[PDB]
Each structure stands twice: as structure tokens, then as C-alpha cells.
Amino acid sequence: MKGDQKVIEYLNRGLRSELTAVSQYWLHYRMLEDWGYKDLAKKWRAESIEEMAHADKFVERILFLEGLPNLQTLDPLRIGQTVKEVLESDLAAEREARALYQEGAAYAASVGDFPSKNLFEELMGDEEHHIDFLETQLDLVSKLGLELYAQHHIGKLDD
Amino acid sequence: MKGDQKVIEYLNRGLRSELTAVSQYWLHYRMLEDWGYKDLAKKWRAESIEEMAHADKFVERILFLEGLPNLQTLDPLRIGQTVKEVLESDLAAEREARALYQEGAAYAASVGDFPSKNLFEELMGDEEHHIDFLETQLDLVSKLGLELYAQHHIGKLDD
Amino acid sequence: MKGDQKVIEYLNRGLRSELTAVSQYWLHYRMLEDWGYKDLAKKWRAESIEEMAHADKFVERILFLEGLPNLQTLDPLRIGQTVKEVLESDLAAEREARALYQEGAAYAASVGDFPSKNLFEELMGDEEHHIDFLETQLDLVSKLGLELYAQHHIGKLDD
Amino acid sequence: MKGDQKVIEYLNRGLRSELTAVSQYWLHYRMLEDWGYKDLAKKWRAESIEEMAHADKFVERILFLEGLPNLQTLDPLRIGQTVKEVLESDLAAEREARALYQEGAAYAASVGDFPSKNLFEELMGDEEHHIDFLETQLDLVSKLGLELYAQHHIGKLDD
Amino acid sequence: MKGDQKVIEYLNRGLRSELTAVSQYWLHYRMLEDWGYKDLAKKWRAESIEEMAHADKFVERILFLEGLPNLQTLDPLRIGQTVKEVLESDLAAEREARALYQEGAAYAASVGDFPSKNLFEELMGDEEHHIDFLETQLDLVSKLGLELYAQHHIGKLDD
Amino acid sequence: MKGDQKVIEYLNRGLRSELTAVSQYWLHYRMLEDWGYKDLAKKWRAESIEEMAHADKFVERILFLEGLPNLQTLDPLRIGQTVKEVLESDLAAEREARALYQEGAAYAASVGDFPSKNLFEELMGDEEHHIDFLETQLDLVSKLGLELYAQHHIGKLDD
Amino acid sequence: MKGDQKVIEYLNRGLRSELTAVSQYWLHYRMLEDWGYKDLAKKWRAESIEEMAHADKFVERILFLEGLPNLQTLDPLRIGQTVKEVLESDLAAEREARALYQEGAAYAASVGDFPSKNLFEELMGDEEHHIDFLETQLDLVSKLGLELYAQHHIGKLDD
Amino acid sequence: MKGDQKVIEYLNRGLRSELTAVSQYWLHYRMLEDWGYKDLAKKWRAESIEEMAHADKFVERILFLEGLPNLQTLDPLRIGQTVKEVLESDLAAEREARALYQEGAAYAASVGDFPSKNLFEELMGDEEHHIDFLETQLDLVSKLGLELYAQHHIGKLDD
Amino acid sequence: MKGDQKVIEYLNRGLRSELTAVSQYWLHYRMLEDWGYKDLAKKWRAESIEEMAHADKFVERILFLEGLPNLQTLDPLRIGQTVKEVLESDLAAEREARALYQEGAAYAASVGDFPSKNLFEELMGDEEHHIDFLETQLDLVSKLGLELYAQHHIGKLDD
Amino acid sequence: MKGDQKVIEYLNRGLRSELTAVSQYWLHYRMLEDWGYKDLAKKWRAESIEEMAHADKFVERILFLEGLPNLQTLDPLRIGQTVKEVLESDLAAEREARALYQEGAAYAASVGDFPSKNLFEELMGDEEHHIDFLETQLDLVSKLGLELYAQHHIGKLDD
Amino acid sequence: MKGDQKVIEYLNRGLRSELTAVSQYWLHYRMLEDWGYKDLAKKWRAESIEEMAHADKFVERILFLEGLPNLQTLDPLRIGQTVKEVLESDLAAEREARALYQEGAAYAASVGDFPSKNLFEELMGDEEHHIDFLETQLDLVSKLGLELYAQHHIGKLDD
Ligand code: HEM
Ligand code: HEM
Ligand code: HEM
Ligand SMILES: [Fe+3]
Ligand SMILES: [Fe+3]
Ligand SMILES: [Fe+3]
Ligand SMILES: [Fe+3]
Ligand SMILES: [Fe+3]
Ligand SMILES: [Fe+3]
Ligand SMILES: [Fe+3]
Ligand SMILES: [Fe+3]
Ligand SMILES: [Fe+3]
Ligand SMILES: [Fe+3]
Ligand SMILES: [Fe+3]
Ligand SMILES: [Fe+3]
Ligand SMILES: [Fe+3]
Ligand SMILES: [Fe+3]
Ligand SMILES: [Fe+3]
Ligand SMILES: [Fe+3]
Ligand SMILES: [Fe+3]
Ligand SMILES: [Fe+3]
Ligand SMILES: [Fe+3]
Ligand SMILES: [Fe+3]
Ligand SMILES: [Fe+3]
Ligand SMILES: [Fe+3]
């Protein structure tokens, strides 16, 4: 069905945001695993897979609206080299995603593309849940210190 | 609860749209069965039953808002006499439904009737899924030709 | 995440509305049980627990937006002393809740806080379902009289 | 059955005390969840639900004794801004509940209302168990320091 | 163990009160069955069996305290000739049982026989639950009229 | 085994009584169903089948005693045209059956045919149970009025 | 159904007999338990519950015959203070019950009330089974002496 | 319990009748098996075991009534030497049993020993069922001839 | 929570009383096993374990009230050298425990420590059940002689 | 079987050692629970129950050897008031138990009482396992500090 | 492995002891069965089978140590002709076995054959368990008399 070109543009900007989140969370999952925080690594793997679903939803909507999904590039990655830097890096990216979806939802509503508006509003609520999670971890690092926070999430050793 | 009269009017126009879709999909299901495309007939039966649910949701909302649901008339039916004409007939009807729900949702939002707005936005997304399906079938008829497309969906013979 | 102060205010006004509904439905459940209408008492218990979930959703959102949830006060209770007065008391409260959520949803939409808007629109639809229920009971009391209506819902005696 | 008016006043004071504890524990559950202490949040949610049952027990006894349960107001809430302050706030409240139920039980015994006396004595023992739990948490904070105590109860990360 | 003689006299008075309630409720169960109110008959059969357990509890305590249980006589029965009269007859009896157990409990406490005090307080609470049930049935008769109340509890016809 | 001729006569008079009861209850079952009292209709069907068993027991005994069972005629039917007339019609027939079996049992005892006496005494007790049922329904119609009595037994609507 | 007045009198005399047996067996069950003969106590509990069923059958028949069941008084109790006196006390009561039922059955037969006759003949056979049991226990006490007889039935100690 | 001496005499005459039936049916079972009519032999074994139960019931009643059961002698056996003679022999014995029980039941009723009367009336009905069976077999031999009747009941050959 | 010092002294006296009962019953269990009365040994083992739970209840309450539980000493043990002496020794001890808990409960009530009062009243009732058991065993020894009583409880031989 | 008197003395000294260990571990279990170290409390409860088994084994052996078990007194308790003092207190007691059993085993071996020797050698090995446990906990407190050690064993909060 | 000759001698003396115990317990099992004490017979059968295992353990060890097991002769049997003589006979034999194993264990320890020492110490402990059993039975015969002791163990009659 031919879609509004500017909505398609916002969907492709959202696709690039999600592809950045997928790789930034996956690399941070494998860095947390390499550092030995196996329970933090488990959660970051699961968050990267949640963003993979979001990327797919954008690809599907762009094709339905007869646009061309662009998966060639990502937004710049932010790679942390301590557990606190990983939390901070992912929080900054997720704030930028939320603001993009707020703008995409308002734009789509202004042209009557309510199903696209509802996809951006659904993803904006999911990114505020990711933000809540990341802010909470940084709250614990502030109140307990980074070493008590991270030690709690080392996890179990493999068989 | 007494509703906005113009919202009730949009809900009754949507009810008439859905009653037309129910009968137009059911007659096309039974025409596809009569022609021998039993897998296409199965899908059209299921789409007619999805529109029956949509009609019921409009009847329920109109009564809650103390209006009088009107099931006496349908919009003009479009009856195809080849498989491609059936696809084209149902696509034209479903585009008209989507545009009605886009307008009903915007109107209800402008008067603060957010539950009615959300019913129209939910049905608008479901009709874009029906549109996607119908456009895809016409894409296959364009790329393969009608006879290869239809032959694939003849289905199994009855016991 | 720091939220819009006026949205936080609407969420706290909604929290007070729900805390009033929880206690007003719970007291009416126990009054209906004391009067012997055990099937009406069962339904009012379940409605009070639905409003407990709504109160919790407001507390969670206010904290996420870094506000301070205020559970200290309720709106004035309306306590019925006949079954019809209980129906009327709860209907008047639920109409006031619906109108508050309609205004909170419109305000949050105007500042781009779409997840808060969607929480108010979800609760507004749930309160219209509660309104529908309460209006229907008062319709039956109007058409049958209070004693036939209430006698039907006396229920079973305890073992 | 018409009850002693002063016993009904103690039962209503108890109802206010429990309504305060329900909301103080629930807000503290959601604050501990917001801060990331998910095992402390689980336990405060369960203690709030224990106080909801106590509130219900008072509403039921007041109606049986033909009084009017008053759910309009709470005692002043004490909201803590650190985990230690939440423990201290709830301990102060629960000490005041215990002393009220000690007095309610003695009064009801002095007028022969032994079923009400036994409700106040049952709830006094329950509040001493709550007091023992909160004193134990403060004892751990005193011996280990707040950060070690609170880190132990961060809990597991959500799927 | 040799008991206080006056506590054994209160226990025997209680035994007579329960034997009266067993027979008054059983005759009323069979009268309600004879009249055709099979759901009211089921409930009075179960209340009679509850009073049989109370009678047994008194026989057991009297023998442990080395007294002689007296089952020879009952208090005067009150037999109702309409459903409302059966409710009133059993309410009057149960008010007299409650007042006896209030006095038995106070006496036994004053001589330190706390296990007997606790048997009388347990049975006083049970009789207040019976009193609450019978007051509730009379409340329904007052609000709906006897015929609507009794018709609801006719029950099902036997296979 | 050749039986007493006069006992055989009483057994054949009892067979005619039962054949009348079978058809009078079956026709009243189908009249109650036609009028919409489906729970009364269920009970009357079951009572007609109980009388079918009684008819068969008479046929079996008459043949054992080498008599000729006569199923050609019935006693005059009493057909009610309101629910109260159906109750009254069946009560009058069942009183006549009971009196016949009382006389048959006394006659058979006077000639030493104790197995026939015991068949009449067993059926006389079963007809007093049917009488008890019918008297109870007429008691409820007297105390509640016919419309409250019958409305309670309308039953459930068919799928 | 209006019954023979003198049959009703015999049924009420039988009801008083059974109410005496219920309480005399229950008190002897609890005396045997208090003395430590737990297997004798089990059997006496079960015999008291058999007499409770017999009392109920008299109440049901008296109401069917439109009489007034009288549960106000018992025949004089016979309370044993050794195991042999308990056996002797219950045997004397049960002989008096059997003779009453023999007379009630003969009277009811003389007026044609065969269902009442059969209730008295059924209870007379059950009381001869109780007599057989009690005579057998006294036979064992005669042949073995009371202490060997009673020691065998001390039973098992409670967990 | 000391019984009526003449009732005891009738019970002992009935015991002798049953002991004769047990042995006469058992010998005929084994003669029918020896002749090869295995289905007739099965039925005669089962009838002999039914008479064993009847003999035991007489022994039990005689002892309860403090008489001395006499199992020393039987009534003269009638031994058939063809299948028809076996049927005829057992029919003549069973007619004599039925007449004895008719007289025993009338005698016991005349002295008020209703439980003994009911044992004789129960056995008289069971012997009329045995008579019915035996008369039916002789009816088939009369209508089909002995060889067709007996051939049908040869049965299956043993593994 | 800081407790009343004199209530803590009664709780410690109770703890000493229970520690004495645990060891007196356990030594008596092993003496009855040594003598071969295996069913009496099973029951004394279980009563000792009941007193272990009572001891624990006192240690828990004393620590909650911030006292120091004293397990260093026992009251003087009474060791029996025959089965009758073991019964008498344990009865004397349990009478002293019961009187202590009667006094502890009255004292705690007089200072408003109702949870401690209720622990002493619960244990007073439990010790009256122990007293009833031991009095019953002595009653059997008095009526049957010690050898018949003890032989019944020798029990089964081990595999 | 009459045992060596000095072996019996060593068994009674061992019984006193175990009774001291039972109460010292049980009081420390309840102190650790009161302080909030629920996983340490679980382990100390289990160790106290292991010592209860050891006490019982001494009672059984002393009775077999015809001695008199003495449970009247304990060795002086050592009560810790920090987690490290509890570990130290129990280690000092368990070293004294091990040395007693080493001496008892050598003595019993010198008089040929090999089953008693093997009971002391079995308990000496079990007390070295308890020593190993306690030394390991004190090793962790030395290497990590008391607060890290104890925080790890706080455990889970109760439902 | 070639063993110490004197250890082999002690093992063969122990084998002869066990073969004597096997046959002496088996003959006493069958004498107790013949006299009718079926529960004593069951226990003696099981004890004979325990000694069969002990005999086998000696045969196995003697062969491992390259000796020649000698099963040709037994020690003199002691055959009781009353239940008390059977108990006394088996106790005297088992005391002699225990003393032999005490000496065998000390001898084997003196030559370093610790596995043989441990076999003798294991059997010495098992024979002290058999001694305990037998002494206990003789204790019961002393306190109750032989006839009360033996009557308790007559057991159940065979199907
Ligand atoms: C802050 C105000 C309250 C909040 C946020 C709240 C929240 C909740 C929630 C979320 C549940 C369901 C718990 C679950 O299923 O896991 C619940 C249960 C319950 N609440 Fe409340 N509640 C509140 C006030 C009350 C009041 C005022 C009463 C009665 C006076 C009450 C009585 C109950 C009872 C009895 C249940 C358990 C119901 C059952 O298990 O069937 N609640 N509440
Ligand atoms: C009117 C006099 C009484 C009547 C008609 C009566 C009737 C009954 C019936 C029919 C049951 C069996 C209920 C069932 O299984 O559904 C029963 C149970 C019982 N009755 Fe009575 N009863 C009477 C007096 C008593 C007395 C005087 C006592 C004791 C003082 C007693 C104690 C019990 C107990 C304890 C049971 C339940 C037994 C169990 O569940 O194991 N009853 N009674
Ligand atoms: C004579 C001193 C004692 C002896 C011989 C003893 C013996 C025993 C034995 C053998 C058991 C396990 C029972 C079974 O599993 O069948 C046990 C259980 C128990 N004991 Fe003791 N005990 C003694 C003192 C104590 C003391 C002083 C306390 C507490 C103050 C105590 C508290 C318990 C509890 C609570 C259990 C049951 C534990 C459970 O079921 O989880 N015991 N005792
Ligand atoms: Fe995303
Ligand atoms: Fe995200
Ligand atoms: Fe649709
Ligand atoms: Fe559609
Ligand atoms: Fe709500
Ligand atoms: Fe609501
Ligand atoms: Fe509370
Ligand atoms: Fe609390
Ligand atoms: Fe009661
Ligand atoms: Fe009651
Ligand atoms: Fe019939
Ligand atoms: Fe009938
Ligand atoms: Fe009876
Ligand atoms: Fe009886
Ligand atoms: Fe027979
Ligand atoms: Fe027969
Ligand atoms: Fe205790
Ligand atoms: Fe005790
Ligand atoms: Fe130990
Ligand atoms: Fe240890
Ligand atoms: Fe051996
Ligand atoms: Fe042995």
C-alpha cells in the first residue's frame, strides 16, 4: 500500500536505531561475559534479542508501505570499557531511540497513519522500560558502588 | 453512557462497512469453493469470520454509547467472476474500510472519545493486514500469471 | 527518567481516584455480603481488586518519571445504604474517574508522553467497562424493580 | 448484632491503622523495586497484602456489630528515602499498630466482647512478627552496614 | 484432673444449650425440607451438625475435669411455623447461647482455667457467626419480603 | 406357579393404575416442557419412568402366578391445564394408587401370598414418596403463589 | 398426607427412644474414651451415629403424616460407671426400644399404615442387632472376666 | 435374646429344608456336569450356593434367639436320573420349602417376632424365584422336547 | 522488641520446665523400649518431641523480647523404675508445668503482653492433654492391674 | 548385659557432652535466626539435631549395659554474642567432645568392650567433621572479614 | 592370601558357633510354631537367617586367608521345652558367641589382621543386639509372668 514518504523515512531512521541497539547490546553481552559477569551478560543478550524483534517490525512495516528498508548503516556505537560505562553507553543510546520514536509517532499521527503511529508508540513504551532498567542499575552503582553492584551479578560457574 | 452523536454515526457507517465485508468475503469463499480452489476458499472463510468479529465490536460499542445499531443495509457488493476479480473486488472494499476507520479514529480523538478512537485504530490496523494479504496475492498473479497462482491453491480432495 | 511535572500531577490525581475506588468498592462488597447478596458481593470484590491493579500502575509510572506518589488521601467516599444507592454511588465515582483519565490522556499526548497517554487511555476504556456494568444493573432495577433484581443475586448459602 | 460503641471505635481506629500500613508498605514495595532491590520489593509487596487482609477483617467485624466502617482517611504516612529509612518508617508505624491493638484487646475484654478481643490479640501477634522482621533487618544494617545488607537482596534480573 | 465445680456447671449448662440447638436446628432442617425449601434445609442440616460438634466438645471437657456430663434435658425448644418464624426462633436461641458462653468464659478466666475459657470463647465466636447468618436472612426477608427470599432457596428437584 | 385368583385381580387393577400414572405423568412432562418449565418437565419425565418400572413389576408377577396381564385400558386420565391443576391431577391419582395398594397388600397377606404382599407394600411406600413430593409442591404454591413457584423451575435454555 | 393419630403417637414415642439412645451411647463413647478403652469408644460412637439416623427417620415420617415431632424430652438415661455397667445400661435401653417398635409395627399394620409398619419393623431388626452385640459383650465378660475383656479393646495410642 | 420356642422350631425346620436343598442342588450340579450339560451344571452350582447362604441365615438367627441349630439331618433327597427328573425333583423340593416359609412367617408374625417373620418372607420370595426358574425349564422341555432343551445348554468344551 | 522483664523470667522458667520434660520423656521412652513395651516407647518418644517444640517456642519468644534464653539447667528429674512409676513421674511433672503456665499467662495478661499470654495458654492446654493421657493410663492400671495394662502395649517384634 | 562400670561412666560423660552440644547449637540456631543469618541458622539447627541423635545413642548403650543414664546436667554453655563468637564457642565445645571420645574409645578397647569402643570412635569421627566445618567458617572470617562472611549467608526472605 | 594360622582357628571356632546358632534358632522357630506362638516363631526364623549370614561371612574369610573352613560339627545344642527355656537357651549360647568374638577380635588386632578384627567386632556388636533382645524378653516374662508374655505373641491364624 503506498505509504507517506516522510513516515517511511522515520521508519528507516528507527530501523537504523534498532540495528545499532542490537549490535551495541550484543557486543556488551559478550564483553560482560568475557569479564565474568555472567548474570549481567544473560540480561544483555536478552535485551539485544528484544531489539532484534523491534528491527524486524520496522523492516516489515517499511515493505508494507512500499518503501526500501535500509540496513546498511548503524548510528555510531558507544562501547563501554567498564561495567558502569556499558550501562551509561546503553542508556545514552536508548534515550536517543525513545526521542526518535516520540517524534515518529507524532508525525505519523499528523498524516493519519495510525498503525505506524501505534508501532512507534509501542516501541517508545518498550524503550522507556529499557531506560528504567538501565537507570535502576546506575542507581545501584551510585548507592552501593560499582564493585558491590557487579559482584552480585557474577552468576554461577559453568559445569 | 450517552455518546457523541457524530461518533455513533461513524460507528454505524463502520458497522455497514463490516457487514458488507462479511457477505462479500463469504460469497467469494463459496465461489472459490465452487470453482475448486479449496485453499483459497479456506482463507476467505476465515477472513469473513474475522470481519464478523469486527461487526460485533461495532454493535457492542454503539449500544454502550446508547445509539441504535443499524444492520439493515450494506454498501454495494463487488462480486468477482475470476480469481483475479475476487482479489481486486475485496482489495477495493478493504481500502474503503481502512479510509473510513482513519477518519472515524481522527474524529473520535477530536471529541475525547479515546475508547472509540482505539477501536477504529485497531480495526484500521487489521484492515491494513487484510490489504497486505490481498496486495500480495495480486503481486503473485502479476509475477506468475493467474493460472500458476491459482493452481497452487487448489488444495486436497475431500475424503 | 525525569517526567513532565503536570503529567505527574495527573498521574497522582488518578492514583487518588483509584485508591478511592478500591476502598469504595471494597466497603460496598462487604456491605453487600453483610446484607446477604453474595453474588453481588463477589462481583464487587473482583471490581475492587481490578482498581487495586490500576492504583499500582499509577504508582509505578509516577516513580519511573521521578515523581513522588501520594497515597495519603482519597476523594470523598459515597457509601450507599441500599443496593440501588450502592450502584448509584459507584456509577458517580466511575464517571468522575473516566473524565479525569480523558483529560490526563489528552494532556500527556499534548507533551509527547505517549506511554503515559496510553496508560490513561487504557484505564479510561476499563472504567467505561465498569460504567457499562453499573448502568446495566441500574437498567435492570428500573425494568424489574430493586427487589426482583437483588433477589436474583442472593447466591448460594455457605457449607 | 449491635456492638459496644467504644469497641466499634477501636475497630475503626484499627481499620485506619491497617489502611495506612497497606499503602505505606505498597509504596515502599514500589520504591524498593524502582531502586533495584527486587528481593526486598517482593517481601514488602507480600507484607502489604498481609495488611490488606487485616483491613478486611476489621471492615467485616464493624459491619457485623452494626457500625459504619470508615475508610476515608489514613494516619500520616512515613515515606523513607533510603532503604534504612524505609525500614525505620515501617517499624515506627508497626509499633503504633501493635500498641493500638493491645489497647483494643484490653477494652474489648473489659466489656465481654471476646471475639473482638481475639481479633485484636491475633492482629497484635501478627504485628509483633512484622516488628521482629523489621528489627532484624535493622540489626543486619547495624552489623554489616547498609550497602552489604541491601546488595544481598538485589535479586535476579527479569528475563 | 479435678476441675473447678462452678466451671463444670457452666460447661453442663453449655452442653444443654448445644443439645437444644442440635435438635431445634435438625427439626427446622426437616420442616424446611417438608415445606420444599431444599437449599434452606441443606444449610440447617449443616448448622445442626456444627452444634453436634460443640456438644461433643463440652462432654469431652466435663469428663476431663472429672464432672458428670448431663444430657438428660434441653432448654425449651422454639419451633417456627413459617420460614420467618424458624429464622426468629433460631436467632433467639443462639443469642442466649452466646450470652452463656460470654459468662462461662469470664468465669473460667477468673479462676485461671484458661483451656475452658478458650473453649467458651471459641464457641462464642462460632455462635456470633451463626447469629450473623440468621440476622442476614431476616434482613433479606425485611428488604425483599418473605416470599421472594424463600423462593430463591427452593433448590433443585431430586432425580 | 398357580396364584390366588383374587390376588391376580388386585395385581391387574394395580397394573391398570400404573399404566394410567405412566401416561398421565408423561403427558404432563410434555405439557410442562411445552409451557417452558423445563425443570418441572425433567422431574415429571423421571416420575413417569419410575411408574413404568412399577407397571413392569406387576406384569412380571401376574405371569409368574399364571394370570393374564391386562394392559388394554387405563383409569380415566386427569389432564391439568395450569401448573397447579397438573399438581392436583397427579396428587388425586396417586392417592387412589396408594389406597389400592394398601388394600392389595392386606388381601394378599390374608391368603399367605407374602411376596405379592411385599410388592404392594413396596409400591405403597413409593407412592407415598410421590404423594409427599406433590403435596410439597402444592404447599409452595399456597405459600408463594403459583407464579413465584413456577418461575423458579423454568430451568436453563437449550444450547 | 394426614396420618393416623395413634401411629403418629407411636412414631413420637420412638423418636424419644432414639434421642435417648443417641445421647446415652454418645456419653458412654466419651466415658469409654476417657477411661482409655479406645476400641470400645470407637464402636460406641458408631452405634450413637446409627441411632441418629433412626431419630431422623422418625422425624421425617412424622412430618410427612402432618404430625408435630417432639424432640424436647428423653427417656431417663442409664449411665454406667464401669465397662460392665455401660454394657448393661445400653442393653436395658435397647430391649425397651425393640419392644416399643414391636408394638408400633403391630399397631400400624392394624390400621393399614404399611410404610410406617415397615419403618418400625426395620428399626426393630436393627435394634435386635444392637442387642446381639451387647449380649455378646456381656457373654465375654461372663466367660473371661471384665478385665480380660476390656484389656483387649484398649486399642492403639494416638500419634 | 431368648426367642419364642415354636419360632425356633420353625427356623430349625427351615434349616433342615435348606441343608436338603444345598445337597440336592450340589449333587444335581455334579450329575449335570457328569452328563455333559455344562451350562445347566453352572446354574445348579450357583443355586446350591444361594441355598448355602439361606442355611447360614437360619443358623445365625437360631443362635441369636438362644436356640440350638440342628444340622444333623436332611429331608429325603430326590435324585433325578434324567435332566427332566432333576428339574422335577428340585421343583418338588422347592414347593415344600416355600410352603414351610409361608407357615413360619405367619407364625412368627402372630407372636410379634417381626425380624424372624421378615427372614421367612425374604426366603419365601427367593424360593418363588427358584420355582419360577424351574417351572420355566420344564415349560421349555414341554414345548421343545427334552433333547432340544438340553442340547442348548451343553456349553463350551474345557481348554 | 524490649519485653517485660518479669514476662521474660516466666518464659525462661517455662523453657527450663520444657527442657526437663524433653529429657524425662526421652529417658522414659528409652527405658520403656529397654523393658520391651515398644508401643508405650513409641508414644513417649512422640511426647518428648512435642515438648522439644514447646522448648523451641520459648527460646524464640525470649529472643524476640531481647532476653537471654537459659538452657543450662533442668528441674530435678523424676525417673521411674516400673511402668507405673514412669506414669506417676511424668504426671507430677506435667502438673507442675501446667501450673507454671497458668501463672505465666495471668502475669503476661496483667501487663498487656497478649502474644506471650497466648503462648502460655496454648501450652497450658497442650499440657492438660498430656495430663489427660497420663491420668487415663493410670486409670487403666488401677482397673486392670499393671501387668494387663503393660502387656497390651508390648507391640510387635522388629523384623 | 552388665557393662564395665568405668565404660558406663565414660558413656554418661559423653551423654552430658552431647546434651550440652544440643542446647548450645539450638540456642545459637535461634540467635542466628534472630540476627537474620537464615542460612547459618538452618545449618546450626541441622547440627543440633545431629547431636540429638548422638545423645540418644548414648542413652541406648548405657541402658543396654544396665547403667543409669543421667540427663540432669550439662557442661557449662558458651553463648556467643557475635557470629564469630558463636563459631568460636561451638569449636571449643566440639574439641572437648572429640577428646572425651578419644579417651572413652581407648578405655573401652582396653576392657574388650568393642561395641562401646566403636560407638566412641564413630562419634569422634563425626565430631571431627563438625570441627572441620567450624574451622572452615573461622578461616573464611579470617580471610574475608566477618561482615563479608556473614552477609553471604543471610539467605532468602520468608514468603 | 596366606593368613595367620591362629586367626584362621578363631574364624573356624566362630563358624562352628554360628552353625550352632543357626540350627538352635531354627529348631526353636519351628518349636514355637508348633506350640502356636506364631509371632515369636517369625522372629526366631529371622534371627536364624541373620546367623546364616554370619556363618557365610566366616566361610568367605577363612577361604580368602587360605584356610579350610570346617562345617562338620556344632557346639552342643541347648533345646528349650518351654518358651522361657527357649529364651534362656538362646541367651546362654549368644553370651558364649559374644565372648568368642571379643577374644578373636583382640587376637586378630594383636597380629595386624585388621579386616578380620573388624569382622569379629561387627559380629560381636550384632550378637550384643541379639543378647539385648533375649534379655528384654526374659525381663517381660519376669515382670508379667510367662503366660501373659507368650499370649501376646500368639499372632494371627492362617487363612
Ligand atoms: C494501596 C491500596 C492498594 C493497592 C495498591 C492494592 C493492591 C493489590 C494487588 C495488586 C492485589 C492482587 C495481589 C496479587 O494477586 O498478587 C491485591 C490483593 C488484595 N487486596 Fe489490595 N491493594 C490495595 C488496597 C486494598 C484494600 C484497601 C483492601 C481491603 C480493605 C485490599 C484487599 C485485598 C485482598 C483481600 C487481596 C487478595 C485478594 C485475594 O487473594 O483473593 N486491598 N491488592
Ligand atoms: C437430634 C438429635 C440428633 C440427630 C437427628 C443427629 C443426626 C445426625 C446425622 C444424621 C449425622 C450424620 C451426618 C452425615 O453423615 O451427613 C450426625 C453426625 C454427627 N452427630 Fe448427630 N444427631 C443428633 C444428636 C447428636 C448428639 C447429641 C451428638 C453429640 C453430643 C451428635 C454428634 C454427631 C457428630 C460428632 C457427628 C458427625 C460424626 C462424624 O462426622 O464422624 N449428634 N448426626
Ligand atoms: C534429650 C535431649 C534431646 C534428645 C535425646 C532429642 C532427640 C531428638 C531426635 C532423635 C529427633 C529427630 C526425631 C525424628 O526425626 O524422629 C529430634 C527432633 C527435634 N528436636 Fe530434639 N532432642 C533433645 C533435645 C532437644 C532440645 C533441647 C530442643 C530444642 C530446644 C529440640 C528440638 C527438636 C526439634 C524441633 C525436633 C524436630 C525437628 C524437625 O522435625 O525438623 N530437641 N530430637
Ligand atoms: Fe528497540
Ligand atoms: Fe531498547
Ligand atoms: Fe473488518
Ligand atoms: Fe478486512
Ligand atoms: Fe480504576
Ligand atoms: Fe472502575
Ligand atoms: Fe496489620
Ligand atoms: Fe504489620
Ligand atoms: Fe453451638
Ligand atoms: Fe450456633
Ligand atoms: Fe407407581
Ligand atoms: Fe407414583
Ligand atoms: Fe435405634
Ligand atoms: Fe440401637
Ligand atoms: Fe433356600
Ligand atoms: Fe431354593
Ligand atoms: Fe510442654
Ligand atoms: Fe507435656
Ligand atoms: Fe555429638
Ligand atoms: Fe558435634
Ligand atoms: Fe551370629
Ligand atoms: Fe546371634
Side-chain angles (χ1 to χ4, degrees), chain E residues 19 22-31 33-34 41 44-45 48-49 51-52 55-56 71-72 74 77, chain F residues 125 128-129 132, chain G residues 3 7-29 42-65 67-78 89-109 113-135, chain H residues 1 64 112 114-115 118:
Chain E
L19 297 165
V22 167
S23 284
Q24 195 170 294
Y25 277 126
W26 195 274
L27 177 55
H28 285 159
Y29 148 48
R30 275 296 188 179
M31 285 169 68
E33 186 91 338
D34 176 48
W44 259 249
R45 188 181 201 270
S48 181
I49 291 169
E51 304 300 24
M52 289 176 206
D56 184 44
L71 290 86
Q72 183 69 69
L74 273 64
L77 285 167
Chain F
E128 281 187 8
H129 283 307
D132 190 25
Chain G
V7 174
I8 294 166
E9 184 186 81
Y10 274 111
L11 293 168
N12 255 322
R13 291 165 69 197
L15 170 61
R16 177 167 78 235
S17 192
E18 293 294 337
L19 292 170
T20 308
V22 167
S23 281
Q24 193 169 294
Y25 278 123
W26 195 274
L27 175 55
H28 283 160
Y29 148 47
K42 296 176 37 157
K43 177 65 164 171
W44 261 251
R45 189 179 197 274
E47 298 285 34
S48 181
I49 289 170
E50 290 189 26
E51 302 305 18
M52 290 174 205
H54 287 175
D56 183 44
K57 292 178 178 299
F58 282 131
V59 177
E60 181 183 31
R61 181 80 182 154
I62 290 164
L63 287 165
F64 168 64
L65 296 180
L68 296 170
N70 176 18
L71 289 86
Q72 181 72 66
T73 61
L74 272 62
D75 286 325
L77 288 165
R78 293 181 167 93
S89 290
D90 289 327
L91 177 62
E94 298 278 78
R95 291 174 169 154
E96 287 169 333
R98 173 191 170 271
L100 175 60
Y101 302 159
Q102 178 185 59
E103 185 181 338
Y107 186 79
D113 180 357
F114 296 134
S116 297
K117 173 196 75 93
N118 286 328
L119 170 63
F120 280 123
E121 288 187 5
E122 175 191 358
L123 269 50
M124 184 184 174
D126 289 340
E127 304 313 325
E128 281 187 8
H129 283 307
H130 295 166
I131 285 163
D132 190 25
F133 170 78
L134 294 163
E135 287 178 332
Chain H
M1 184 190 73
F64 168 64
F114 296 134
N118 286 328

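Proteins get letters first, then strands, A, B, ... in listed order; numbering begins at 1 in each.
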Answer yes or no: is there a side-chain heavy-atom contact under 4.5 Å between [X] and [Y]?
| X | Y | result |
| --- | --- | --- |
| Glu96(G) | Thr20(G) | no |
| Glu47(G) | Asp90(G) | no |
| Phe120(G) | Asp113(G) | no |
| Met52(G) | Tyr25(G) | no |
| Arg61(G) | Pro115(G) | yes |
| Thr73(G) | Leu74(E) | no |
| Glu127(G) | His130(G) | yes |
| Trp26(E) | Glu51(E) | no |

Nearest-0.5 Å distance that lies between atom [atom1] in [X] and atom [atom2] in [Y]:
| X | Y | atom1 | atom2 | value |
| --- | --- | --- | --- | --- |
| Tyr29(G) | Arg45(G) | OH | CZ | 5.0 Å |
| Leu19(E) | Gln72(E) | CG | CD | 10.5 Å |
| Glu18(G) | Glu50(G) | CD | CD | 10.5 Å |
| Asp75(G) | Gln24(G) | CG | CD | 9.5 Å |
| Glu94(G) | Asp132(G) | CD | CG | 12.0 Å |
| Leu91(G) | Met1(H) | CG | CE | 10.5 Å |

Do you know which two heavy atoms are closest between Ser116(G) and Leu11(G), and how far apart they sit?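 Heavy atoms of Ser116(G) and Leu11(G) come nearest at OG-CD1, 4.2 Å.
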So which heavy atom on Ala105(G) is nearest to which on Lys117(G), and how close?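 Closest approach of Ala105(G) to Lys117(G): O-CG, 3.6 Å.
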Counting only heavy atoms not in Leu68(G) (residues, nucleotides, ligands), do more than 12 fall under 6.0 Å from its CG? no
Kindly write out the residues that satisfy side-chain contact (heavy atoms from CB on, under 4.5 Å) with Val59(G), not counting sequence neighbours, or none if the list is empty. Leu27(E), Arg30(E), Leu15(G), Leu63(G), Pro69(G), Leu71(G)
Apply the test side-chain contact (heavy atoms from CB on, under 4.5 Å) to residues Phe58(G) and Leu119(G): give CA-CA distance (whole Å), side-chain angles for both, the deciding distance (0.1 Å), then the verdict. CA-CA 8 Å; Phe58(G) 282 131; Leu119(G) 170 63; 4.0 Å; yes
Residues which pass ring-ring contact (aromatic ring centres under 6.0 Å, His included) with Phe114(H), listed by chain and number, not counting sequence neighbours: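 With sequence neighbours excluded, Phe114(H) shows a ring-ring contact (aromatic ring centres under 6.0 Å, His included) to no residue whatsoever.
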